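Heads up: the structure comes next, in structure tokens.
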Amino acid sequence: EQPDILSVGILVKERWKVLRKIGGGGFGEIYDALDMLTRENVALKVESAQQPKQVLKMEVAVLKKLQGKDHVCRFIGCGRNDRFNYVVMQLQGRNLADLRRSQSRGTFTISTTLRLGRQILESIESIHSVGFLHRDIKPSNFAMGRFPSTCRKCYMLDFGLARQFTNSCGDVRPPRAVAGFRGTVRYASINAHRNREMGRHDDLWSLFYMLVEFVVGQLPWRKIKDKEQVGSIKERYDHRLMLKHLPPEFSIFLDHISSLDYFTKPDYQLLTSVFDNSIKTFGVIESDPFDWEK
Ligand SMILES: c1ccc(Oc2ccc(Nc3ncnc4[nH]ccc34)cc2)cc1
């Protein structure tokens, strides 16, 4: 088949020494590199300069817009040449998709679920606040940090499928009649399935599906491969059934996101209160071990 975009061992811009490929899903590849200026390991994302769909221009735009914010990697560099385009950013640790799969039955406790969920909601409100939709909320786009000071922090890792949803000084942009969905079938909202323009609420639907999968270990459409068959299930599904294993205030969360549409700003403070109230009811404190620690 095709070789890796980068040969391990090469130096990018006389600074970043490529050490090992660490991922290859999506629209490119990701490497662990040594930054010889700062003398630290970093993540290096690359795409071929010839591939049909290139997303690192969006990655750089959103990463830069989010600098200073929580739950995002530090921006380190970027470039474009005849062979490849690249973006350099902070290296993180264990990926939530991997951590969930390491559990018995693929479930997290409500303690771990609520704390991760609240951090993920923070990260969604943050990207929305700078005028972008994520459009690809799924567990493999989040990781815990890899140091003592960062390993209790969850980071939003990738922005390739993002879209700017505001124009002028933060007016919502008129939606397109048709928008071809390129995200993940499992966590996609009904609107993605319908090839509708996605909104802020579609990222909150994907978070709702991730939280349910965290507590239950599976979604009702786990075994269905056909995208249209998944969409049909979601269109008809009584999402109240998913409240069974969530804390009671998730009825407020689900009622709220069900009420939303492309043109309606979410009540983020309401959704945050669901997590805050649930965490207090269950006596969860931030220092409690996550499931992978104990
Ligand atoms: C399912 C699918 C893919 C998968 O492998 C990943 C490898 C690296 C990443 N990305 C990152 N990792 C570590 N530090 C990072 N800073 C920026 C991005 C980044 C994400 C996933 C894990 C489970």
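One is the number of the first residue; the rest follow in order along the sequence.
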(message) Is any side-chain heavy atom of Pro139 closer than 4.5 Å to one of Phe214?
(response) yes
(message) One thing to verify: whether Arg135 and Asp202 come together as a salt bridge, which I'm taking to mean a side-chain N less than 4.0 angstrom from a carboxylate O.
(response) no
(request) Report the relative orientation of the aromatic rings in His134 and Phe159; use parallel for angles under 30°, tilted for 30 to 60°, perpendicular for over 60°. (result) perpendicular
(message) Let's go through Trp205 and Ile137 carefully: what are the C-alpha distance in whole Å and the side-chain angles of both, what is the deciding distance for side-chain contact (heavy atoms from CB on, under 4.5 Å) to 0.1 Å, and is it a yes or a no?
(response) CA-CA 9 Å; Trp205 274 107; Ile137 296 291; over 6 Å; no
(message) Determine whether a donor-acceptor pair (N or O, by modelled atom type, separation under 3.5 Å) exists between the side chain of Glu14 and the backbone of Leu11.
(response) no
(message) Could you tell me if the side chain of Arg115 sits less than 4.5 Å from the side chain of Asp288, heavy atoms only?
(response) yes
(request) Kindly give the heavy-atom pair with the smallest separation between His245 and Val216, and that separation in Å. (result) CD2-CG2, 4.1 Å
(message) Between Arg222 and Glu213, does any side-chain N to carboxylate O distance fall below 4.0 Å?
(response) no
(request) Evaluate the side-chain proximity of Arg240 to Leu243: yes if any heavy-atom separation is below 4.5 Å, no if none is. (result) yes
(request) Please examine the side chains of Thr264 and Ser259, heavy atoms only from C-beta on, and report whether any two atoms are closer than 4.5 Å. (result) no
(message) So that I can tick it off, tell me whether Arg152 and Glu293 are bridged by a salt bridge, with the cut-off set at under 4.0 angstrom between side-chain N and carboxylate O.
(response) yes
(message) Can you tell me how far apart OG (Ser140) and CE (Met210) are? Round to the nearest 0.5 Å.
(response) 9.0 Å
(message) Out of the candidates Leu219, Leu254, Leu207, only one should pair with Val212 under the side chain to side chain contact (heavy atoms under 4.5 Å, CB included) rule; please name it.
(response) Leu219
(request) Would you confirm whether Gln51, through its side chain, and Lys53, through its main-chain N or O, come within 3.5 Å as a donor-acceptor pair? (result) yes
(message) So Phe142 and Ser123, do their side chains get closer than 4.5 Å, heavy atoms only?
(response) yes
(request) Please examine the side chains of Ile22 and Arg20, heavy atoms only from C-beta on, and report whether any two atoms are closer than 4.5 Å. (result) yes
(message) Within 45 degrees of the ring normal and closer than 6.0 Å to the centroid, is that where the cationic atom of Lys64 sits relative to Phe75?
(response) yes
(request) Verify the distance criterion only: is there a donor paired with an acceptor across the side chains of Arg146 and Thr150 at less than 3.5 Å? (result) no
(request) Give a yes or no on whether the ring-centroid distance for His239 and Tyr209 is below 6.0 angstrom. (result) yes
(message) Less than 4.0 angstrom from a charged side-chain N to a carboxylate O is my criterion; do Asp158 and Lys45 meet it?
(response) yes
(request) Indicate yes or no: at least one non-hydrogen side-chain atom of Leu161 is less than 4.5 angstrom from one of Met58. (result) no
(request) Just say parallel, tilted or perpendicular for the rings of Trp292 and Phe290, cut-offs at 30° and 60°. (result) parallel
(message) Is there a path of hydrophobic side-chain contacts, each under 4.5 Å between heavy atoms of I/L/V/M/F/W/Y residues, joining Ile110 to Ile279?
(response) yes
